[PDB]
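What follows is a set of notes on a single structure, which appears directly below.
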Amino acid sequence: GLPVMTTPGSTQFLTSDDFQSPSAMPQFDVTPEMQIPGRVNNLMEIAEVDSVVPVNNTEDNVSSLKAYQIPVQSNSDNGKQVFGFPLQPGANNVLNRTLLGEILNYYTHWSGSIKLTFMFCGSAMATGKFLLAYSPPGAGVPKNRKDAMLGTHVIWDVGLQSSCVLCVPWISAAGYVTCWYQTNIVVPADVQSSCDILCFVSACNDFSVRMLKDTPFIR
Amino acid sequence: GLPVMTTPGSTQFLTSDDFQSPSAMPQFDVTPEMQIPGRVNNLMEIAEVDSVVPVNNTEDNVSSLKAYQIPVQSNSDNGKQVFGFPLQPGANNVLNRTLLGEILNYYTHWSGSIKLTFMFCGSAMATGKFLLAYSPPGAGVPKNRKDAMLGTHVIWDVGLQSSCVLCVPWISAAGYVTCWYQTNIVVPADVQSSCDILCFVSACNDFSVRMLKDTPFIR
Amino acid sequence: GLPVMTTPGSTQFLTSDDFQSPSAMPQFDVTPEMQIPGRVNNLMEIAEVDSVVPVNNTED
Amino acid sequence: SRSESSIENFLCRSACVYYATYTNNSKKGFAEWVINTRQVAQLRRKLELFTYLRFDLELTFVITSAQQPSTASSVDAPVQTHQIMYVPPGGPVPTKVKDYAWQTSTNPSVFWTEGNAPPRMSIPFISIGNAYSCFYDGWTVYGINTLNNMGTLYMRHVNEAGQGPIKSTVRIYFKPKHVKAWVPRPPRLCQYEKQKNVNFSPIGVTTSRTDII
Amino acid sequence: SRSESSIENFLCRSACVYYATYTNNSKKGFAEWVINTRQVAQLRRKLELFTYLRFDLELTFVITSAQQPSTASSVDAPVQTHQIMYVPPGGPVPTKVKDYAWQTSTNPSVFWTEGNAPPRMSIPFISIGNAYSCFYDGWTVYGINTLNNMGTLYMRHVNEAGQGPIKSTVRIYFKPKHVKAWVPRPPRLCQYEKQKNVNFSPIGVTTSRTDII
Amino acid sequence: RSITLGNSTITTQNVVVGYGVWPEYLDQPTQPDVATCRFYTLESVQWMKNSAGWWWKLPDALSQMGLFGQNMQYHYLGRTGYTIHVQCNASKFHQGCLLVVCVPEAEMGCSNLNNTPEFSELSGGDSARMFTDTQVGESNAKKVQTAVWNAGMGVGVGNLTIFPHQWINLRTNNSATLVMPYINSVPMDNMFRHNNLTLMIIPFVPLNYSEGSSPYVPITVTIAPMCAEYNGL
Amino acid sequence: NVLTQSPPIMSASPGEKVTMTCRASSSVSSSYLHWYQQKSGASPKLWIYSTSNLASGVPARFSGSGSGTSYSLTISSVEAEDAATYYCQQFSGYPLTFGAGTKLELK
């Protein structure tokens, strides 16, 4: 017949191949398609949406809806820390179980930038100001309001707008996203002073993942 | 199906083949290139550079930097040998561990020509003359300055230039590269008389190697 | 894959075949030719020359 | 590098889903596996990121053998042959090793002799609805959805026992092909209890730390 | 003749790099090899003529077998099957013969039955930096460079032990393919002590002679 | 003659450039180019009679050096080319010969055969480390083996001419000049854990002089960074 | 790397030739083997360096030899004033080990 010659690696099962296969059920006349809404072509479209960050863990709020709420009250000392969390990946941080951080646990190397949106869910009559400090990797965490101001920051006037966006990069000291009281919460009579803040996280649309592995969130 | 017919030498592993192979990791999206300087396309570019020849072995200079230096002093007898070394390959010669001779030990047959550069690292006020004799394969080693002059040679005036080039062929009595005092080293007052010479070797750009084997410099 | 079907006389060694063979030494860069005089293309050129006949055997 | 995060590169990966043994002379040795995606917990968590899936199917069987301890006197065996029968949804089902439903003409089976390449077979999108459904909020028993039924597989020897027992294991490999996915969904936080359902026991949202600052 | 001295003709040659044994019933028999170029001293001295290398990888496994001394009564065995699992850099690693990490879906493995052509597989340039680095003057421990990590390979039988022990050896062959090289470097004069590092003890420059003339 | 960079000025009268290529520029890396681009003259070493050699690890000798050292603690990453001016100044009555060679990725070897050297021993910051012409013993734990005929890397020291180099022969020459491009596998690396160049100066022919002349000769190294840029915001 | 000298005690009349040897455990290079001489109640003195070269101020009756792992020292004519102890030093790695000592008494 036609002379052929079989090479090494012939009658083997390599589990990561792509070969044609004999169909078990021919002549079946498979069901046609249908336009169902909401098609996913890529996993980066799942990561681009906003998700609430459980930034208030504290070992008794994790089995509650209190894990998402940052307490803000009108204290008596000017200049204090509201919250603060590092950007160190994987070692039990707070962006881990979120909807962005569930995709980045399926890969080993990823690198890009992050939107962080904060929303002040207090009264409509309450006013104040906040600092939103970001420390770059290498610079230490600020210990005063003053040297937090000397770095990069956003001053967030609550009475003007109720939402402030801060975009940082996140790569696989690595960073800090602390936030500070600039002024107190001034409130009228017959309005409550204990207000809360919610924090949303997203993907800033321009980044990449390599070398898929399996997630550490399993037995 | 299609009638085929397998020939002898089919399901064998010949270690020197070139066959297509099934990739273990597809869909990986390999890292792209990058312009790194200093690309090697051939091993003859490694051989074309100049390297110092340890021409002063003498069984106690080999664990030193003295192995590279040829002693030159102002003696009292006119006509003497400075150095001399055969061009017989492999049998413990001095061009063996050099950067040219490390490539020619990976092959069995090689044949071409050799640049040999000498450099007089003495004072700027010292003068003299040297003969640079080359004996061809078949002719004996010269035993006088006179019959060394009657062959092929270069007279190297040190006071004019401090570098003299001599090009010989080297094929896998086979040759000699002896060198002789023509005149003494004339030196002024308050200048040292013990000067040294360094010797560089290279490839003269036009030669070929065949039948790669493994080097004898291993356990 | 592509469906094939092996016929009789497949994995045999017939000593008078002509098949392609995998080279043991590739990348060797074989020595080129050279014009040597006196090439033989056929054995009938050996037979066309004259040779002396031992026609006087006689056992001694 | 955004081609590693596509839907095909995320889900078209091979995975061992089942592992069963069967011996030829013991009259209750034959394997059986109802094809479901909820078998291995790592693949299940990936397919449950989407509500509706649609894919072809490709299965490969790694069948090995072992010689069981017989009595004596020179057990010699020829090469063994196995049968891997695939029952479509709504087909007759065997219940013994010598049964009629092995011989039915609508259940396609492969026959494979030991010592060759493993027996791959391929199954198209076999359903009446236009997509497989991972979640189903309703009754047919709550949350079953009898429309995404993919069939069953059955394994046995075809040689009679000659002199000594021989038991064999099988590992089934699973590979979704040409995947389309719709309506993304948040990934599971709690652990998996039972295969059939979504039942769970509550757990905290995330691992905790000592102070907020 | 200058095509024998090219970089591809110098380095794209096959070389046996590893040799390990493993037996099926002894519960501590399975092979393991972390892929490094510093295994055999003759290939290492050739790859250390250059600072940065970049190549594809091609591996071939010559697996044989041997019948260990069993007790008695007619050991008969079917054809054996082995599994060769490749763990990428940063993957889960087995530690026993019955472990979960053999069954993971991201570690591609080949299954090969004895008596066929040997099991070749091919591995691309798997790194994040743009070149493998033979030398690294820095810390991550001094001079390690965790970026040129190529993975690990693991071998085992897949058949259970039937009547008698069987031990198997494996020889791994190594062939760089489509090689690019940068920044040449002088060849080593001293001998090799440890695999990890460049540590040495000093030796003379060359072999000596009696007199200079 | 009398070239200047920023607020410094050195003077020169033969240059050898790298692997043939000239250094040039490339989240987003920012370009600081005027503030630290100047000539950083390190202190002089003394070439005596029985001297053996010197070395400097190159993105570490400029770590305590002024605003260049301030730009390193503020930045995680960076990529930099260099320009090295080496001159020694002796009379016409001295004699010697130096090899000025610039080695990329020079792994040193420890004296103990199991361990690895330490950071205080591998590189003195803006200060020259010395080769020796004896052996460093095996008894001390973490020290660099500096047998100069092996150049600390286990190799023939005569074959060090394959790196970009220059000879300084006192009879004919006075200085050397090197222009070294950025050589690395990654395009931008950790600058705190990697010393990607090493500048070695080895006297092949030793210094000699008659009685009366100055008994040692100074050597002066000057480094000027070319096309430096870092990563951060 | 230890050195054994033999014989430990050596006696010979003046005017004859006598020799001693110093055999190393491993290979020592020919340039790193030296010979010393220590009289009774005095410091040692360097006698022969690098196995063949006489030191300064030493008489010409001595000549060292040997290579590899076996080295020796020969006295062509024995006088009366050169009765002392002779040690051999080596260097293969650190430390620098000495011999055991060979004592020469005249007869």
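Residues in the structure tokens are numbered from 1 in each chain, the chains being A, B, ... in the order shown, and ligands are numbered from 1 in the order shown.
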
From range 2-130 of chain D, collect each residue whose DSSP state is strand (DSSP E) and return the set as number ranges by chain.
D: 15-23, 31-34, 50-67, 81-87, 109-113, 121-123

Write a file of the just-selected residues containing C-alpha atoms, as a compact mmCIF listing (two decimals), in the first residue's frame.
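As written to disk, selection14.txt reads:
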# COMPACT_ATOMS: atom_id res chain seq x y z
CA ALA D 15 -10.73 16.26 33.74
CA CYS D 16 -11.04 12.80 35.29
CA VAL D 17 -14.62 12.55 36.51
CA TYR D 18 -15.26 8.89 37.36
CA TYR D 19 -13.35 5.88 38.66
CA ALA D 20 -14.96 2.45 38.97
CA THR D 21 -13.87 -1.17 38.97
CA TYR D 22 -15.50 -4.35 37.68
CA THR D 23 -14.51 -8.01 37.59
CA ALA D 31 -19.57 -0.23 35.72
CA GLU D 32 -22.20 2.50 35.45
CA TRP D 33 -22.09 6.31 35.36
CA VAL D 34 -24.98 8.71 34.80
CA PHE D 50 -22.94 30.59 34.09
CA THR D 51 -26.65 29.86 33.98
CA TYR D 52 -26.99 28.31 30.52
CA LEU D 53 -24.28 26.27 28.83
CA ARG D 54 -24.10 24.57 25.45
CA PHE D 55 -21.23 22.31 24.44
CA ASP D 56 -20.25 19.16 22.62
CA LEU D 57 -18.84 16.28 24.61
CA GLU D 58 -15.71 14.19 24.23
CA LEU D 59 -14.90 11.21 26.43
CA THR D 60 -11.78 9.08 26.72
CA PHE D 61 -11.41 5.88 28.73
CA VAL D 62 -8.19 4.67 30.33
CA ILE D 63 -8.88 0.99 30.99
CA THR D 64 -6.29 -1.10 32.80
CA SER D 65 -6.28 -4.62 34.21
CA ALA D 66 -5.00 -6.71 37.10
CA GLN D 67 -4.65 -10.42 37.77
CA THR D 81 -11.80 -6.96 25.15
CA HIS D 82 -14.25 -4.58 26.82
CA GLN D 83 -17.56 -3.02 25.80
CA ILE D 84 -18.49 0.59 26.60
CA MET D 85 -22.19 1.10 25.95
CA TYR D 86 -23.77 4.54 25.84
CA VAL D 87 -27.47 4.76 26.69
CA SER D 109 -21.07 0.96 21.93
CA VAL D 110 -17.37 0.70 21.23
CA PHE D 111 -15.37 -2.50 21.52
CA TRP D 112 -11.71 -2.14 22.42
CA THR D 113 -8.99 -4.76 22.80
CA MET D 121 -15.94 8.68 21.51
CA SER D 122 -17.78 11.96 21.03
CA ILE D 123 -21.32 13.02 21.95

Could you write out as a list in words the residues of chain D within 8 Å of chain B, counting only C-alpha atoms?
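The selection requested is residues 1, 3, 4 and 9 of chain D.
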
With a cut-off of 7 Å, could you pull out the residues of chain E touching chain D and give me the nearest pair of atoms for each, distance in Å to one decimal, using only C-alpha atoms, ordered by chain and ascending number, as a Markdown table?
| residue | atom | partner | partner_atom | distance |
| --- | --- | --- | --- | --- |
| E:73 | CA | D:72 | CA | 5.9 |
| E:74 | CA | D:74 | CA | 5.1 |
| E:76 | CA | D:76 | CA | 6.6 |
| E:77 | CA | D:67 | CA | 6.6 |
| E:78 | CA | D:65 | CA | 6.6 |
| E:79 | CA | D:115 | CA | 6.4 |
| E:103 | CA | D:16 | CA | 6.3 |
| E:105 | CA | D:15 | CA | 4.9 |
| E:113 | CA | D:115 | CA | 6.4 |
| E:159 | CA | D:64 | CA | 5.8 |
| E:160 | CA | D:66 | CA | 6.1 |
| E:161 | CA | D:66 | CA | 6.6 |
| E:162 | CA | D:67 | CA | 4.5 |
| E:163 | CA | D:67 | CA | 6.3 |

Residues of chain G that have any atom at most 9 Å from an atom of chain F: could you tabulate them with the shortest-distance atom pair and the distance in Å to one decimal, using only C-alpha atoms, ordered by chain and increasing number, as CSV?
residue,atom,partner,partner_atom,distance
G:93,CA,F:137,CA,7.5
G:94,CA,F:137,CA,6.1
G:95,CA,F:137,CA,8.4

Deliver the residues from the most recent selection as a file, using N, CA, C and O atoms, as a short mmCIF file (atom, residue, chain, number, x, y, z; two decimals), in the first residue's frame.
data_model
loop_
_atom_site.label_atom_id
_atom_site.label_comp_id
_atom_site.auth_asym_id
_atom_site.auth_seq_id
_atom_site.Cartn_x
_atom_site.Cartn_y
_atom_site.Cartn_z
N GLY G 93 45.62 22.61 50.30
CA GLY G 93 44.67 23.64 50.69
C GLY G 93 45.12 24.11 52.05
O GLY G 93 46.20 23.75 52.52
N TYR G 94 44.31 24.93 52.68
CA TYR G 94 44.64 25.32 54.04
C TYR G 94 44.25 24.20 54.99
O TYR G 94 43.24 23.52 54.76
N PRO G 95 45.02 23.96 56.05
CA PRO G 95 46.20 24.68 56.54
C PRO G 95 47.51 24.22 55.91
O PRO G 95 47.51 23.33 55.08
#

Exercise answer, chain F residues close to chain E, 8 Å and only C-alpha atoms, as a ChimeraX atom specification
/F:105-114,116-117,135,147,149-150,153-156,159-160,162-163,185-186,193-196

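In this structure, the chain B residues at most 8 Å away from chain C are residues 1, 2, 3, 4, 5, 6, 7, 8, 9, 14, 16, 17, 210 and 211 of chain B, with only C-alpha atoms considered.
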
Near-residue 179 in chain A list (8 Å; only C-alpha atoms; drop same-chain fewer than 6 positions) as an MDAnalysis selection string
chainID A and resid 81:84 130:133

Expected file contents, prior selection, N, CA, C and O atoms, as an mmCIF file, in the first residue's frame:
data_model
loop_
_atom_site.group_PDB
_atom_site.id
_atom_site.type_symbol
_atom_site.label_atom_id
_atom_site.label_comp_id
_atom_site.auth_asym_id
_atom_site.auth_seq_id
_atom_site.Cartn_x
_atom_site.Cartn_y
_atom_site.Cartn_z
ATOM 1 N N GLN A 81 -8.083 58.199 61.583
ATOM 2 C CA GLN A 81 -8.195 57.261 60.483
ATOM 3 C C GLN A 81 -9.601 56.687 60.461
ATOM 4 O O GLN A 81 -10.123 56.277 61.500
ATOM 5 N N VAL A 82 -10.219 56.678 59.284
ATOM 6 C CA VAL A 82 -11.494 55.994 59.132
ATOM 7 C C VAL A 82 -11.273 54.508 58.922
ATOM 8 O O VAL A 82 -11.735 53.681 59.712
ATOM 9 N N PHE A 83 -10.557 54.145 57.866
ATOM 10 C CA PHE A 83 -10.195 52.762 57.619
ATOM 11 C C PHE A 83 -8.804 52.733 57.010
ATOM 12 O O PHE A 83 -8.141 53.764 56.886
ATOM 13 N N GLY A 84 -8.365 51.546 56.618
ATOM 14 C CA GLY A 84 -7.116 51.392 55.909
ATOM 15 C C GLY A 84 -6.845 49.937 55.616
ATOM 16 O O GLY A 84 -7.003 49.092 56.497
ATOM 17 N N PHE A 130 -13.265 64.234 53.763
ATOM 18 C CA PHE A 130 -12.418 63.073 53.973
ATOM 19 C C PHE A 130 -11.181 63.192 53.101
ATOM 20 O O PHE A 130 -11.228 63.800 52.033
ATOM 21 N N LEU A 131 -10.081 62.612 53.558
ATOM 22 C CA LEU A 131 -8.909 62.412 52.722
ATOM 23 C C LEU A 131 -8.851 60.967 52.265
ATOM 24 O O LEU A 131 -9.194 60.055 53.012
ATOM 25 N N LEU A 132 -8.395 60.757 51.040
ATOM 26 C CA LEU A 132 -8.303 59.413 50.471
ATOM 27 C C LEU A 132 -6.868 59.182 50.025
ATOM 28 O O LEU A 132 -6.507 59.450 48.882
ATOM 29 N N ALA A 133 -6.053 58.659 50.926
ATOM 30 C CA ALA A 133 -4.628 58.531 50.683
ATOM 31 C C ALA A 133 -4.313 57.200 50.019
ATOM 32 O O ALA A 133 -4.939 56.184 50.323
#

Extract, using only C-alpha atoms, all DNA, RNA and protein residues at most 6 Å from range 187-189 of chain F, discarding same-chain residues fewer than 6 positions from it, and format them as a PDB file with C-alpha atoms, in the first residue's frame.
ATOM      1  CA  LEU F  77      12.011  49.551  39.220  1.00  0.00           C
ATOM      2  CA  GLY F  78      14.375  51.015  36.639  1.00  0.00           C
ATOM      3  CA  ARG F  79      16.549  50.487  33.580  1.00  0.00           C
TER       4      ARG F  79
END

Which polymer residues have any atom within 8 Å of an atom of range 42-57 of chain G, counting only C-alpha atoms, with same-chain residues fewer than 5 positions away left out, as a VMD selection string?
chain G and resid 30 to 37 62 to 66 71

What does the distance from CA of residue 49 in chain B to CA of residue 204 in chain B come to in Å, to one decimal?
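So the two atoms, CA of residue 49 in chain B and CA of residue 204 in chain B, lie 9.7 Å apart.
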
Leaving out residue 92 in chain D and any residue of its chain fewer than 2 positions from it, which residues lie within 9 Å of it when counting only C-alpha atoms, given as a list in words?
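Neighbouring residues, sequence-local ones excluded: residues 87, 88, 90, 94, 101, 102, 104 and 107 of chain D.
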
Please produce, as JSON lines, a per-residue contact table for chain B versus chain F (criterion: any atom at most 7 Å away, only C-alpha atoms considered), showing the nearest atom pair and its distance in Å to one decimal, sorted by chain then residue number.
{"residue": "B:36", "atom": "CA", "partner": "F:183", "partner_atom": "CA", "distance": 6.2}
{"residue": "B:37", "atom": "CA", "partner": "F:19", "partner_atom": "CA", "distance": 6.1}
{"residue": "B:38", "atom": "CA", "partner": "F:19", "partner_atom": "CA", "distance": 5.3}
{"residue": "B:49", "atom": "CA", "partner": "F:162", "partner_atom": "CA", "distance": 6.6}
{"residue": "B:50", "atom": "CA", "partner": "F:161", "partner_atom": "CA", "distance": 6.8}
{"residue": "B:51", "atom": "CA", "partner": "F:159", "partner_atom": "CA", "distance": 5.5}
{"residue": "B:52", "atom": "CA", "partner": "F:158", "partner_atom": "CA", "distance": 5.0}
{"residue": "B:63", "atom": "CA", "partner": "F:149", "partner_atom": "CA", "distance": 6.8}
{"residue": "B:64", "atom": "CA", "partner": "F:149", "partner_atom": "CA", "distance": 5.8}
{"residue": "B:65", "atom": "CA", "partner": "F:149", "partner_atom": "CA", "distance": 5.8}
{"residue": "B:69", "atom": "CA", "partner": "F:205", "partner_atom": "CA", "distance": 6.8}
{"residue": "B:98", "atom": "CA", "partner": "F:159", "partner_atom": "CA", "distance": 6.5}
{"residue": "B:99", "atom": "CA", "partner": "F:159", "partner_atom": "CA", "distance": 5.8}
{"residue": "B:121", "atom": "CA", "partner": "F:96", "partner_atom": "CA", "distance": 6.2}
{"residue": "B:122", "atom": "CA", "partner": "F:95", "partner_atom": "CA", "distance": 5.7}
{"residue": "B:123", "atom": "CA", "partner": "F:95", "partner_atom": "CA", "distance": 5.0}
{"residue": "B:124", "atom": "CA", "partner": "F:171", "partner_atom": "CA", "distance": 4.6}
{"residue": "B:190", "atom": "CA", "partner": "F:210", "partner_atom": "CA", "distance": 5.5}
{"residue": "B:191", "atom": "CA", "partner": "F:210", "partner_atom": "CA", "distance": 5.5}
{"residue": "B:192", "atom": "CA", "partner": "F:210", "partner_atom": "CA", "distance": 5.5}
{"residue": "B:196", "atom": "CA", "partner": "F:205", "partner_atom": "CA", "distance": 6.9}

Tell me, in Å to one decimal, how far CA of residue 101 in chain G is from CA of residue 88 in chain G.
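Separating CA of residue 101 in chain G from CA of residue 88 in chain G is a distance of 7.9 Å.
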
Shell of 8 Å around residue 212 in chain E, only C-alpha atoms, local chain residues under 4 positions omitted, as a PyMOL selection string
chain B and resi 55-58+83-85

To one decimal place, how far is CA of residue 171 in chain B from CA of residue 67 in chain B in Å?
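Computing it gives 25.3 Å between the two atoms.
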
Residue nearest chain C - candidates E:8, E:99, E:48, E:211, atoms counted: only C-alpha atoms
E:8

Compute the set of chain B residues within 10 Å of chain G, using only C-alpha atoms, and express it as number ranges by chain.
B: 59-61

Quick one: write out the picked residues with N, CA, C and O atoms as a tab-separated table (two decimals), in the first residue's frame?
chain	number	residue	atom	x	y	z
B	59	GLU	N	55.51	25.36	35.38
B	59	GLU	CA	55.17	24.49	36.51
B	59	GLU	C	55.04	25.18	37.86
B	59	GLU	O	54.73	24.52	38.86
B	60	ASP	N	55.25	26.49	37.92
B	60	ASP	CA	54.96	27.26	39.12
B	60	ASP	C	54.30	28.59	38.83
B	60	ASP	O	53.96	29.31	39.77
B	61	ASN	N	54.10	28.92	37.57
B	61	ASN	CA	53.40	30.12	37.18
B	61	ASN	C	51.97	29.85	36.77
B	61	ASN	O	51.25	30.80	36.46
